Structure formats: structure tokens, C-alpha cells
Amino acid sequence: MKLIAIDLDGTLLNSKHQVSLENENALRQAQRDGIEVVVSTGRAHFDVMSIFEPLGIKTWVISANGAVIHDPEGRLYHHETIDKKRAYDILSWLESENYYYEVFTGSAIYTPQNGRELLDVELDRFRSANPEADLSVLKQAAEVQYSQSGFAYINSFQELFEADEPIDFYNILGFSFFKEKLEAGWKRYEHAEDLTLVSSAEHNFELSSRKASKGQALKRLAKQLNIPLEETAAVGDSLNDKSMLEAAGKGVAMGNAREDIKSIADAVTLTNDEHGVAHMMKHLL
């Protein structure tokens, strides 16, 4: 393998959202072996930096569900935006229908939700990745995570359009505690050919442009680095990782991965908590 793509939540991160010593060592060893390491997430580039900066970790970063790509030093390689009229349409619908939502842009993550609501969205991420984890451990970690968040409050999505300032829309996360609302959101966009529809947790769905997906971003990067897809591997646990496992020469599912992700994988590693990423590096590739 010459390139390895690694999902962030539920994969590189354990249930306390830490990068274990084992995983950090595995990442550095891979870079030491001359392997290009890429971390791929639906979150913002700055969310990844907040975790990596203190650890001195520098990898390629695919963020906003494949809408954005940065190199190890933070140089921008690509930004794939959602057409503004389509973004307006989506946000107007989400807000009018009472969905919690987060708008990933260049500057920050805009949202009208309050702290409790935003924490609920995050807790859902934690619980979906590790359903077997103690709720108290997950909540404490979710709070630490939120405390390092980079949200910007807005009264209405309208504020993101009624201003004469540049603002690009990369990924839109929609959330609802209700199964009926989640199904309605999925049905509404599952056939939209100008968009990419995925989910990163049991109670959310994410919308990015058609050409913005973890798999397409991986292909885009591999091509630029002159690395054949046959020489690339991707590992993840959640539904939004499906496209990159499919794109990679070798798709790896985390031990705590969703059943559909394990189903399409060529290999399966340990859970995120048991350092599955490190195990894959040393015992699967």
C-alpha cells in the first residue's frame, strides 16, 4: 500500500475521542515507511486540527465528507461546494421542518441549535460508533469534544445568504430524534443526482455536492499523487465510509463497524478501542 485513508470518528478515535499511543505510533510508522496517510471525516478541517495539533500529528485531511482536501501542512488542495440555490433549498427545508442542522463552511460550522442540542448530536455520534460503551464515559467525552467545537450561531439559515461576504457550503448535517423525520429526509434526497447523501450516526444524515464523497476525494488524491487505487487501502466503521472502502484497493471494516460496512469489506480489524487502526497497519496490509 502506498496510500491509506483512515476515518476519524469510530475508527482512528476511540470511544473517548482520543488517538491512542498505539494508533499514533502506527500512523507515524506508516509515514516513516513512505506511505501517504489520509484522515477522512464529515467534520471540519479545523475539528481535525484541534485533535492533531496538540499531538504533533500531520496527515492529509479529507473533510466535510470529501468536499475539502488539505495536505499535511494545511495547504488547500480542493473545495467542492454545494450550489448556493440548492443549499438555500436544503436549509430552508431543514429549518422549517424542525431538524437540528449544522452547516460546514470555510470559516466555521453555522447552526441555530443551542449547547444541549449540539451535544445531543455529538452524543449520537459517540453512541452510534460504540453502542457497547458506558453512557457516562461517552457523555463526558462528548462534552470535552463540544468544548473544543467551532460553531457559529445564527438565528436563521437566512443569515447565510443575506450578506455580502464570501461563504461556501461544503456539507450539511441534518439531525432528528424521530425515526419518521429521518426517513422523510432520506426519501427527499436519496434520488437527488446533484447531491451525495450519507449518514455518520443513527440519527443524522449528511448532504454534500454530488462530487463530494469520501470515496471520490480519495480517488482525486490518489490520482494527483500518481498512486494506483490498487495500492490504496481505506478503513472505517460508519455508513459515510462506504464509498471510500469501495474506491480503495483494500477496504477494511473496524471491529465496531456497522454490519453493512463489514459486509463490503475485504478485511476486518479490531474495534476502535482495541486499536483497530494500529492492528490493520501491522497485521492486515
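Note that residue numbering begins at 1 and tracks the sequence as displayed.
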Identify the stretch, either 226-234 or 37-45, whose C-alpha atoms have the larger mean B-factor according to the entry. 226-234
Please compare 63-71 with 27-35 and name the stretch with the higher mean C-alpha B-factor in the deposited structure. 27-35
If you check the C-alpha B-factor for each of 206, 80, 117, 190 in the entry, which is highest? 190
When you compare the CA B-factors of 201, 123, 197, 144 as listed in the entry, which one comes out on top? 144
Would you mind ranking residue 54 by its C-alpha B-factor against the rest of the chain and naming the third, lowest, middle or highest? highest
Going by the entry, which third of its chain does the Cα temperature factor of residue 88 land in? highest
Residue 113 - which third its CA temperature factor falls in, relative to the rest of the chain: middle
How does the C-alpha B factor of residue 104 compare with the rest of the chain: lowest, middle or highest third? lowest
Please place residue 163 in the lowest, middle or highest third of its chain according to the CA B-factor in the PDB entry. highest
